[PDB]
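Source file: work-v3.txt; contents: compact mmCIF, C-alpha atoms and all ligand atoms.
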```
# COMPACT_ATOMS: atom_id res chain seq x y z
CA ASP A 1 0.00 0.00 0.00
CA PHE A 2 3.04 2.27 -0.30
CA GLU A 3 2.95 5.02 -2.92
CA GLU A 4 5.82 4.44 -5.33
CA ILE A 5 9.08 6.29 -4.92
CA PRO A 6 11.46 7.18 -7.80
CA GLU A 7 12.95 3.95 -9.26
CA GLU A 8 16.52 5.31 -9.03
CA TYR A 9 16.39 4.51 -5.29
CA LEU A 10 15.14 0.95 -5.86
CA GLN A 11 17.02 -0.45 -8.88
CA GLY B 5 30.22 25.53 18.91
CA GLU B 6 28.05 22.46 19.47
CA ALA B 7 25.54 21.73 16.70
CA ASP B 8 21.96 22.77 17.47
CA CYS B 9 19.77 19.81 18.54
CA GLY B 10 16.48 18.87 20.17
CA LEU B 11 14.89 22.25 19.42
CA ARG B 12 12.12 21.70 16.88
CA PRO B 13 11.76 24.32 14.10
CA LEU B 14 7.93 24.21 14.29
CA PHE B 15 7.63 24.19 18.10
CA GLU B 16 10.39 25.38 20.51
CA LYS B 17 11.73 27.76 17.83
CA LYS B 18 8.35 29.47 17.41
CA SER B 19 7.48 29.27 21.13
CA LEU B 20 4.61 26.88 20.35
CA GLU B 21 3.97 23.79 22.44
CA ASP B 22 2.68 20.41 21.21
CA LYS B 23 -0.65 18.93 22.40
CA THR B 24 0.71 16.56 25.03
CA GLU B 25 4.16 17.81 26.10
CA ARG B 26 2.77 19.38 29.27
CA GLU B 27 2.00 15.82 30.44
CA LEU B 28 5.78 15.09 30.29
CA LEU B 29 6.81 18.25 32.22
CA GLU B 30 4.19 17.73 34.96
CA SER B 31 5.54 14.22 35.57
CA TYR B 32 8.72 15.88 36.90
CA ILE B 33 6.90 17.70 39.70
CA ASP B 34 4.86 14.98 41.51
CA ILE C 1 1.98 2.30 18.93
CA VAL C 2 -0.92 1.05 21.03
CA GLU C 3 -3.30 3.62 22.57
CA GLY C 4 -1.37 6.60 21.24
CA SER C 5 -2.62 9.34 18.99
CA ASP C 6 -1.72 11.08 15.72
CA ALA C 7 1.44 13.14 15.83
CA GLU C 8 1.22 16.78 14.85
CA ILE C 9 3.22 17.74 11.75
CA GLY C 10 6.91 18.33 12.66
CA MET C 11 6.48 17.00 16.22
CA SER C 12 9.29 14.47 15.82
CA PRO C 13 11.61 15.89 13.22
CA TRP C 14 14.34 13.30 14.12
CA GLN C 15 12.08 10.27 13.43
CA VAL C 16 13.49 8.10 10.66
CA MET C 17 11.76 5.23 8.80
CA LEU C 18 13.80 2.14 7.85
CA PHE C 19 12.51 0.93 4.54
CA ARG C 20 13.20 -2.35 2.76
CA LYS C 21 13.67 -2.14 -1.02
CA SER C 22 12.25 -5.49 -2.13
CA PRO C 23 9.67 -6.38 -1.06
CA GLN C 24 8.72 -2.79 -0.12
CA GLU C 25 7.89 -2.78 3.61
CA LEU C 26 8.41 -0.79 6.82
CA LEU C 27 11.21 -2.49 8.76
CA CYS C 28 11.74 -0.31 11.84
CA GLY C 29 12.00 3.19 13.30
CA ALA C 30 15.26 5.05 13.86
CA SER C 31 16.43 8.56 14.83
CA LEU C 32 18.57 11.28 13.27
CA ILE C 33 21.50 12.33 15.51
CA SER C 34 23.52 14.45 13.04
CA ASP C 35 23.50 15.17 9.31
CA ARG C 36 25.13 11.80 8.46
CA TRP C 37 24.34 9.45 11.34
CA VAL C 38 21.22 7.47 12.21
CA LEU C 39 20.67 5.55 15.43
CA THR C 40 18.58 2.35 15.55
CA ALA C 41 18.23 -1.07 17.29
CA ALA C 42 20.70 -3.85 16.33
CA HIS C 43 17.90 -6.41 16.00
CA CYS C 44 16.34 -4.36 13.15
CA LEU C 45 19.32 -5.39 10.98
CA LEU C 46 20.70 -8.63 12.45
CA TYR C 47 18.77 -11.41 14.12
CA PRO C 48 20.07 -14.90 13.08
CA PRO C 49 17.30 -17.00 14.75
CA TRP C 50 14.96 -15.70 11.98
CA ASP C 51 17.69 -15.52 9.31
CA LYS C 52 17.57 -11.68 9.33
CA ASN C 53 20.82 -10.15 8.13
CA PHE C 54 20.31 -6.86 6.23
CA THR C 55 23.03 -5.11 4.21
CA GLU C 56 23.72 -1.47 3.16
CA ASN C 57 22.13 -2.26 -0.23
CA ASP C 58 18.96 -3.84 1.16
CA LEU C 59 17.67 -0.64 2.77
CA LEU C 60 16.62 2.91 2.40
CA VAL C 61 16.34 5.51 5.13
CA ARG C 62 13.39 7.93 4.84
CA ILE C 63 13.52 11.17 6.86
CA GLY C 64 10.98 13.94 7.45
CA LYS C 65 7.93 11.71 7.08
CA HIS C 66 4.42 12.16 8.50
CA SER C 67 2.27 9.65 6.52
CA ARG C 68 3.18 5.96 6.71
CA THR C 69 2.54 5.16 3.03
CA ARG C 70 2.69 8.36 0.96
CA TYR C 71 5.70 9.54 -0.94
CA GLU C 72 5.80 13.00 0.55
CA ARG C 73 7.55 14.66 -2.40
CA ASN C 74 8.11 18.15 -0.95
CA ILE C 75 9.07 17.17 2.57
CA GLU C 76 10.81 13.81 2.91
CA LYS C 77 14.39 12.93 1.99
CA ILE C 78 15.40 9.46 0.95
CA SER C 79 19.01 8.38 1.58
CA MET C 80 21.17 5.39 0.86
CA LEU C 81 23.49 3.83 3.45
CA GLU C 82 27.30 3.97 3.35
CA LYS C 83 27.98 1.63 6.28
CA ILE C 84 26.26 -0.17 9.18
CA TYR C 85 27.89 -0.62 12.62
CA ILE C 86 26.58 -3.06 15.18
CA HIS C 87 27.74 -3.19 18.80
CA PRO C 88 30.41 -5.91 18.99
CA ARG C 89 28.87 -7.38 22.18
CA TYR C 90 25.23 -7.33 21.01
CA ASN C 91 23.72 -10.44 22.58
CA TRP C 92 21.00 -11.87 20.29
CA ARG C 93 21.26 -15.36 21.87
CA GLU C 94 19.62 -14.73 25.24
CA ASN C 95 18.40 -11.21 26.09
CA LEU C 96 19.08 -8.61 23.33
CA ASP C 97 21.71 -6.96 25.50
CA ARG C 98 23.31 -3.92 23.82
CA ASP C 99 20.58 -3.70 21.17
CA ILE C 100 22.09 -0.73 19.34
CA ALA C 101 23.38 0.11 15.85
CA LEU C 102 24.65 3.10 13.92
CA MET C 103 24.23 3.83 10.20
CA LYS C 104 26.21 6.31 8.15
CA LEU C 105 24.40 8.04 5.32
CA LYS C 106 26.06 8.10 1.90
CA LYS C 107 25.48 11.91 1.61
CA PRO C 108 24.59 14.46 4.37
CA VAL C 109 20.93 15.61 4.63
CA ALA C 110 19.84 19.24 4.66
CA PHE C 111 17.87 20.13 7.78
CA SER C 112 14.51 21.84 7.36
CA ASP C 113 11.31 22.38 9.33
CA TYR C 114 10.64 18.64 9.18
CA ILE C 115 14.15 17.26 9.60
CA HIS C 116 16.20 18.10 12.73
CA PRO C 117 18.44 15.98 15.03
CA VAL C 118 17.76 15.00 18.66
CA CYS C 119 20.34 15.51 21.43
CA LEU C 120 22.11 12.61 23.08
CA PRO C 121 22.34 13.01 26.88
CA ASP C 122 25.37 13.94 29.00
CA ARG C 123 25.96 12.49 32.49
CA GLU C 124 23.97 15.22 34.36
CA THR C 125 20.94 14.94 32.08
CA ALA C 126 20.88 11.12 32.31
CA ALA C 127 21.09 11.20 36.14
CA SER C 128 18.38 13.88 36.46
CA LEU C 129 15.87 12.59 33.90
CA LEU C 130 16.13 8.81 34.13
CA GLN C 131 14.07 8.25 37.28
CA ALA C 132 11.08 5.99 37.96
CA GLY C 133 7.77 7.86 37.56
CA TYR C 134 9.08 10.40 35.06
CA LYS C 135 7.49 10.21 31.57
CA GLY C 136 9.13 9.94 28.15
CA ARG C 137 7.69 9.78 24.64
CA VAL C 138 7.73 7.03 21.98
CA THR C 139 6.86 7.53 18.30
CA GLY C 140 6.44 5.22 15.30
CA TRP C 141 4.40 3.78 12.46
CA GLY C 142 4.14 0.28 14.00
CA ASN C 143 0.98 -1.74 14.71
CA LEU C 144 -1.99 -0.29 16.63
CA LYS C 145 -2.91 -3.56 18.43
CA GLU C 146 -1.12 -6.81 19.18
CA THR C 147 -3.67 -8.68 17.13
CA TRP C 148 -6.70 -7.82 14.98
CA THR C 149 -9.27 -9.51 12.68
CA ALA C 150 -7.78 -9.98 9.19
CA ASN C 151 -9.04 -7.62 6.44
CA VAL C 152 -11.46 -5.88 8.82
CA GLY C 153 -9.66 -4.42 11.88
CA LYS C 154 -7.25 -1.43 11.86
CA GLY C 155 -3.65 -2.78 12.01
CA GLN C 156 -1.41 0.04 10.79
CA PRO C 157 -1.83 3.80 11.28
CA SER C 158 -1.90 6.09 8.32
CA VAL C 159 0.17 8.79 10.08
CA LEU C 160 2.95 8.75 12.74
CA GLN C 161 1.74 7.82 16.23
CA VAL C 162 2.82 9.15 19.66
CA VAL C 163 2.46 7.93 23.25
CA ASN C 164 3.80 9.15 26.63
CA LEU C 165 4.96 6.45 29.07
CA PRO C 166 6.44 6.51 32.59
CA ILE C 167 9.78 4.93 33.45
CA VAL C 168 9.24 2.03 35.82
CA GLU C 169 11.31 0.98 38.91
CA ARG C 170 14.02 -1.57 38.15
CA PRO C 171 12.60 -4.19 40.62
CA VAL C 172 9.14 -4.09 38.97
CA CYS C 173 10.87 -4.51 35.56
CA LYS C 174 12.73 -7.60 36.85
CA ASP C 175 9.62 -9.29 38.34
CA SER C 176 7.57 -8.94 35.14
CA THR C 177 9.66 -11.18 32.83
CA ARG C 178 11.65 -14.41 32.95
CA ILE C 179 14.30 -12.85 30.70
CA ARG C 180 17.61 -11.80 32.29
CA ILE C 181 17.58 -8.00 32.17
CA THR C 182 20.88 -6.05 32.29
CA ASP C 183 21.92 -2.52 33.22
CA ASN C 184 21.89 -1.68 29.51
CA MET C 185 18.05 -1.69 29.54
CA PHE C 186 15.20 0.08 31.23
CA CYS C 187 11.45 -0.53 31.07
CA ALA C 188 8.49 1.83 30.71
CA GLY C 189 4.70 1.57 30.74
CA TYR C 190 1.74 2.02 33.06
CA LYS C 191 1.12 -0.41 35.95
CA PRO C 192 -2.15 -2.45 35.89
CA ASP C 193 -3.69 -0.30 38.68
CA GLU C 194 -3.02 3.12 37.04
CA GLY C 195 -5.90 2.96 34.53
CA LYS C 196 -3.97 4.42 31.56
CA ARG C 197 -2.50 2.20 28.83
CA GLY C 198 0.04 2.44 26.00
CA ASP C 199 2.99 0.62 24.45
CA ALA C 200 5.21 0.27 21.38
CA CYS C 201 4.46 -2.67 19.02
CA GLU C 202 5.66 -4.43 15.81
CA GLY C 203 7.34 -1.93 13.48
CA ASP C 204 8.06 0.62 16.26
CA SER C 205 11.37 -1.15 17.05
CA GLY C 206 14.49 0.98 16.70
CA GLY C 207 12.54 4.20 17.32
CA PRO C 208 13.44 6.85 19.95
CA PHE C 209 12.28 7.13 23.54
CA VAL C 210 12.76 10.85 24.15
CA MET C 211 12.54 13.23 27.16
CA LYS C 212 12.35 17.03 27.32
CA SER C 213 14.58 18.99 29.71
CA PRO C 214 12.64 21.84 31.37
CA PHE C 215 15.83 23.91 31.98
CA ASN C 216 17.17 24.23 28.43
CA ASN C 217 14.03 23.21 26.51
CA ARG C 218 15.79 20.47 24.51
CA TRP C 219 14.75 16.95 23.63
CA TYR C 220 17.06 14.07 24.54
CA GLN C 221 17.02 10.52 23.35
CA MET C 222 17.22 8.35 26.46
CA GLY C 223 16.17 5.03 24.88
CA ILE C 224 15.67 2.89 21.78
CA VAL C 225 12.58 0.68 21.35
CA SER C 226 14.07 -2.78 21.86
CA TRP C 227 11.70 -5.55 23.00
CA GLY C 228 8.54 -6.55 24.85
CA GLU C 229 6.21 -9.54 25.31
CA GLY C 230 3.19 -8.79 23.13
CA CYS C 231 1.89 -5.21 23.08
CA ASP C 232 0.13 -3.38 25.89
CA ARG C 233 -0.38 -6.50 28.07
CA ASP C 234 -1.34 -6.02 31.75
CA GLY C 235 1.60 -6.55 34.13
CA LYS C 236 3.95 -6.28 31.14
CA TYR C 237 6.41 -3.47 30.15
CA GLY C 238 8.34 -2.47 27.05
CA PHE C 239 12.13 -2.52 27.30
CA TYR C 240 14.50 0.07 25.92
CA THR C 241 18.19 0.22 25.16
CA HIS C 242 19.86 2.53 27.72
CA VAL C 243 21.38 5.11 25.35
CA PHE C 244 23.63 6.84 27.90
CA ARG C 245 25.29 3.59 29.16
CA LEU C 246 26.35 2.95 25.54
CA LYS C 247 27.39 6.48 24.64
CA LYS C 248 31.12 5.56 24.78
CA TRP C 249 30.66 3.08 21.94
CA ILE C 250 28.74 5.69 19.85
CA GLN C 251 31.56 8.08 20.51
CA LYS C 252 34.21 5.63 19.36
CA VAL C 253 32.35 4.84 16.11
CA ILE C 254 31.61 8.44 15.13
CA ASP C 255 35.17 9.60 15.96
CA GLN C 256 37.01 6.87 14.06
CA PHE C 257 34.67 6.89 11.02
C1 LIG D 301 14.38 -10.24 17.72
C2 LIG D 301 13.12 -9.39 17.82
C3 LIG D 301 13.19 -8.50 19.05
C4 LIG D 301 11.84 -7.87 19.41
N1 LIG D 301 10.79 -8.86 19.48
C5 LIG D 301 9.89 -8.98 20.53
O1 LIG D 301 9.81 -8.10 21.41
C6 LIG D 301 8.98 -10.26 20.59
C7 LIG D 301 7.69 -10.10 19.73
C8 LIG D 301 6.77 -8.92 20.07
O2 LIG D 301 5.81 -9.08 20.86
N2 LIG D 301 7.01 -7.70 19.49
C9 LIG D 301 6.18 -6.57 19.78
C10 LIG D 301 6.87 -5.27 20.23
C11 LIG D 301 8.11 -4.96 19.40
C12 LIG D 301 8.98 -3.90 20.03
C13 LIG D 301 8.35 -3.26 21.26
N3 LIG D 301 7.86 -4.18 22.27
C14 LIG D 301 7.12 -3.63 23.41
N4 LIG D 301 5.96 -4.38 23.77
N5 LIG D 301 7.51 -2.55 24.03
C15 LIG D 301 7.23 -5.37 21.71
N6 LIG D 301 8.78 -10.65 21.96
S1 LIG D 301 9.30 -12.02 22.68
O3 LIG D 301 8.69 -12.08 23.96
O4 LIG D 301 9.08 -13.09 21.78
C16 LIG D 301 10.97 -11.89 22.91
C17 LIG D 301 11.46 -11.09 23.98
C18 LIG D 301 12.81 -10.97 24.22
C19 LIG D 301 13.74 -11.66 23.41
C20 LIG D 301 15.14 -11.55 23.63
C21 LIG D 301 16.02 -12.24 22.82
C22 LIG D 301 15.55 -13.06 21.75
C23 LIG D 301 14.20 -13.17 21.52
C24 LIG D 301 13.27 -12.47 22.34
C25 LIG D 301 11.87 -12.58 22.12
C26 LIG D 301 10.60 -9.57 18.24
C27 LIG D 301 10.02 -8.70 17.13
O5 LIG D 301 10.62 -8.88 15.91
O6 LIG D 301 9.10 -7.87 17.20
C28 LIG D 301 11.89 -10.29 17.78
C1 LIG D 302 25.62 -11.42 7.57
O1 LIG D 302 25.96 -10.96 6.26
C2 LIG D 302 27.19 -10.25 6.19
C3 LIG D 302 27.34 -9.51 4.85
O2 LIG D 302 26.77 -10.26 3.81
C4 LIG D 302 28.32 -11.25 6.44
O3 LIG D 302 29.59 -10.66 6.23
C5 LIG D 302 28.18 -11.73 7.88
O4 LIG D 302 29.12 -12.75 8.13
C6 LIG D 302 26.76 -12.26 8.18
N1 LIG D 302 26.65 -12.38 9.62
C7 LIG D 302 25.87 -13.29 10.21
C8 LIG D 302 25.87 -13.31 11.72
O5 LIG D 302 25.17 -14.07 9.58
NA NA D 303 1.74 -3.04 29.83
```

Is it possible to give me this structure as structure tokens?
Ligand SMILES: C[C@@H]1CCN(C(=O)[C@H](CC(=O)NC[C@@H]2CCCN(C(=N)N)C2)NS(=O)(=O)c2ccc3ccccc3c2)[C@@H](C(=O)O)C1
Ligand SMILES: *[C@@H]1O[C@H](CO)[C@@H](O)[C@H](O)[C@H]1NC(C)=O
Ligand code: NA
Amino acid sequence: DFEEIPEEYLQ
Amino acid sequence: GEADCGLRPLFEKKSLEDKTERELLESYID
Amino acid sequence: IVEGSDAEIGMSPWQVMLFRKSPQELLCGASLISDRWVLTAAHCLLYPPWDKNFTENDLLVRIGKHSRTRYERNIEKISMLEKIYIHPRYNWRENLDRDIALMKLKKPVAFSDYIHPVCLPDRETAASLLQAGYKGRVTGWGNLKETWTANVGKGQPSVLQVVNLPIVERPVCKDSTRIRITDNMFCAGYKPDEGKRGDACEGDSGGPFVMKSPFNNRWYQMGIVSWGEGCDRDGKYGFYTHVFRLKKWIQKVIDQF
């Protein structure tokens, strides 16, 4: 249920 | 000097107090 | 947080969220102590009995947050970790003794109205403030009840929660649990006969127990949410890492690194 954060932080 | 700490920009720094902090202070004087 | 209420905006500007990358979930609370250091519980990162062993690359730190789930574009800062440090004598085998860890941010964060560090206590502050009957404050985005009905009941808050709890006499702490408690812990919570309730709960771990000094107006972190048996049980108390007793370690780590 988390809003998505920029994918740079998650790749 | 020592870095500023534990003084909240939206409370202490504007002389405003949060809704329940008085409960903490009163606990000191019982 | 059980039996707490919604924080006001900016009430805890040192509150940090520990956030797992994949799967995306809330891991733990933490606190900001300078522009590049974050303080948390050791057991948030390393607990071998449940094969928990998180790395610098597994985690994000989110600072300045109010909502649990939103990406608060204007207000929050998301940082990567340079290095994790765990107390060398952290005892995960029997009692969670020295449940403390430091994390160094890859880049420094800019302070703002929503991001500001908490003070660590000196000797005089610790001796004055850490006394049975005095009240501190716990904050976090952890569970609202120990247990609830699946897909119906509440579970998780939508915004940061806050609760004020009294420090409890060491002998009452000892009597309440079969676990061997050390001098690196204290316990807080209301006694069964006091008629008020409140506790930390799953997901609040690693968060700050803070106290305000009436003489200089500053907030001090006296504890770290460490462990408890269930949440808000009668005759039970939450236990907290004793931040001051471990200050010499913190000092070593920050100075050398
Ligand atoms: C290793 C974690 C530490 C905290 N924790 C635990 O505390 C577990 C589960 C729990 O009820 N969490 C709920 C809360 C999580 C933090 C705050 N706390 C308060 N009520 N103040 C309890 N308890 S326990 O009685 O099983 C327990 C207590 C002490 C222990 C010492 C060493 C090894 C195992 C222990 C296990 C678990 C959790 O993940 O929530 C596991
Ligand atoms: C956990 O993982 C780290 C890094 O991958 C490794 O170096 C360390 O030995 C592990 N520690 C434990 C207690 O499993
Ligand atoms: Na209790």

**Request:** Return as a list in words the residues of protein, DNA or RNA that approach ligand LIG 302 (chain D) to within 9 Å, with all atoms listed in the file taken into account.
**Result:** residues 46, 47, 48, 51, 52, 53, 54, 55 and 56 of chain C

**Request:** Would you be able to write out as a ChimeraX atom specification which residues have an atom within 12 Å of (8.4, 5.4, -2.6) in the file's coordinates, counting only C-alpha atoms?
**Result:** /A:1-10 /C:17,19-26,60-62,65,67-73,76-79

**Asked** Which residues come within 10 Å of residue B:14, counting only C-alpha atoms, excluding same-chain residues fewer than 4 positions away, as number ranges by chain?
**Response** B: 18-22; C: 9-13, 112-114

**Request:** Collect all residues with atoms no farther than 7 Å from ligand NA 303 (chain D), counting only C-alpha atoms and all ligand atoms, and output them as a list in words.
**Result:** residues 189, 190, 191, 197, 198, 199, 232, 233, 234, 235, 236 and 237 of chain C

Could you write out the selected residues, including C-alpha atoms, as a PDB file, keeping the file's coordinate frame?
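Below is the file part.pdb, written as the result:
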```
ATOM      1  CA  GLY C 189       4.700   1.570  30.740  1.00  0.00           C
ATOM      2  CA  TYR C 190       1.740   2.020  33.060  1.00  0.00           C
ATOM      3  CA  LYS C 191       1.120  -0.410  35.950  1.00  0.00           C
ATOM      4  CA  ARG C 197      -2.500   2.200  28.830  1.00  0.00           C
ATOM      5  CA  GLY C 198       0.040   2.440  26.000  1.00  0.00           C
ATOM      6  CA  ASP C 199       2.990   0.620  24.450  1.00  0.00           C
ATOM      7  CA  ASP C 232       0.130  -3.380  25.890  1.00  0.00           C
ATOM      8  CA  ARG C 233      -0.380  -6.500  28.070  1.00  0.00           C
ATOM      9  CA  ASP C 234      -1.340  -6.020  31.750  1.00  0.00           C
ATOM     10  CA  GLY C 235       1.600  -6.550  34.130  1.00  0.00           C
ATOM     11  CA  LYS C 236       3.950  -6.280  31.140  1.00  0.00           C
ATOM     12  CA  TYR C 237       6.410  -3.470  30.150  1.00  0.00           C
TER      13      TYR C 237
END
```

**Message:** So the first atom is atom CA of residue C:241 and the second is atom CA of residue C:205; what is the distance between them in Å, to one decimal place?
**Reply:**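 Atom-to-atom, atom CA of residue C:241 to atom CA of residue C:205, that is 10.7 Å.
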
**Asked** Which residue gives the smallest distance to ligand LIG 301 (chain D) among C:139, C:149, C:217, C:95, with only C-alpha atoms and all ligand atoms counted?
**Response**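 Of C:139, C:149, C:217, C:95, the one nearest ligand LIG 301 (chain D), counting only C-alpha atoms and all ligand atoms, is C:95.
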
**Prompt:** Which residues sit within 6 Å of ligand LIG 301 (chain D), counting only C-alpha atoms and all ligand atoms, listed as a PyMOL selection string?
**Reply:** chain C and resi 43+47+92+94-96+199-202+204-205+225-231+238-239

**Prompt:** Interatomic distance between atom CA of residue C:212 and atom CA of residue C:129?
**Reply:**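 Spanning atom CA of residue C:212 to atom CA of residue C:129 is a straight-line distance of 8.7 Å.
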
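Distance-wise, atom CA of residue C:63 and atom CA of residue C:15 end up 6.8 Å apart.
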
**Asked** For chain C against chain B, which residues fall within 6 Å using all atoms listed in the file, given as number ranges by chain?
**Response** C: 113, 117-119, 134-135, 218-219

Could you save those same residues with C-alpha atoms as a CSV table (one decimal), in the coordinates of the input?
```csv
chain,number,residue,atom,x,y,z
C,113,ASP,CA,11.3,22.4,9.3
C,117,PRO,CA,18.4,16.0,15.0
C,118,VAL,CA,17.8,15.0,18.7
C,119,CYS,CA,20.3,15.5,21.4
C,134,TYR,CA,9.1,10.4,35.1
C,135,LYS,CA,7.5,10.2,31.6
C,218,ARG,CA,15.8,20.5,24.5
C,219,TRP,CA,14.8,17.0,23.6
```

I'd like the box whose edges run along x, y and z of the file and which contains every listed atom of stretch 9-20 of chain B, padded by 5 Å per side; could you state its centre and edge lengths in Å, one decimal, as JSON?
```
{"center_x": 12.2, "center_y": 24.2, "center_z": 17.6, "size_x": 25.2, "size_y": 20.6, "size_z": 17.0}
```

**Prompt:** Neighbours of residue C:99 within 9 Å (all atoms listed in the file; same-chain residues fewer than 5 positions away dropped), as a PyMOL selection string?
**Reply:** chain C and resi 40-43+86-87+90-92+184-185+206+224+226+240-241

Keeping only C-alpha atoms, take the residues you just selected and write them out as a CSV table (one decimal), in the coordinates of the input.
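Heads up, here's the output in result.csv:
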```
chain,number,residue,atom,x,y,z
C,40,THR,CA,18.6,2.4,15.6
C,41,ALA,CA,18.2,-1.1,17.3
C,42,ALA,CA,20.7,-3.8,16.3
C,43,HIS,CA,17.9,-6.4,16.0
C,86,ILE,CA,26.6,-3.1,15.2
C,87,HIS,CA,27.7,-3.2,18.8
C,90,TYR,CA,25.2,-7.3,21.0
C,91,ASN,CA,23.7,-10.4,22.6
C,92,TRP,CA,21.0,-11.9,20.3
C,184,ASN,CA,21.9,-1.7,29.5
C,185,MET,CA,18.0,-1.7,29.5
C,206,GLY,CA,14.5,1.0,16.7
C,224,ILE,CA,15.7,2.9,21.8
C,226,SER,CA,14.1,-2.8,21.9
C,240,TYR,CA,14.5,0.1,25.9
C,241,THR,CA,18.2,0.2,25.2
```

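By all atoms listed in the file, and with residues fewer than 3 positions from residue C:137 along its chain excluded, the set lying at most 10 Å from it is residues 24, 25 and 28 of chain B; 162, 163, 164, 165, 166, 208, 209, 210, 211, 212, 221, 222 and 223 of chain C.
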
**Request:** For residue C:108, please output as an MDAnalysis selection string all residues within 10 Å (counting only C-alpha atoms; exclusion window: fewer than 6 positions along the same chain).
**Result:** chainID C and resid 34:37 79

**Request:** Dump as a VMD selection string all residues having an atom at most 10 Å from (7.0, -0.2, 39.7), computed in the file's coordinates with all atoms listed in the file.
**Result:** chain C and resid 132 to 133 166 to 176 187 to 191
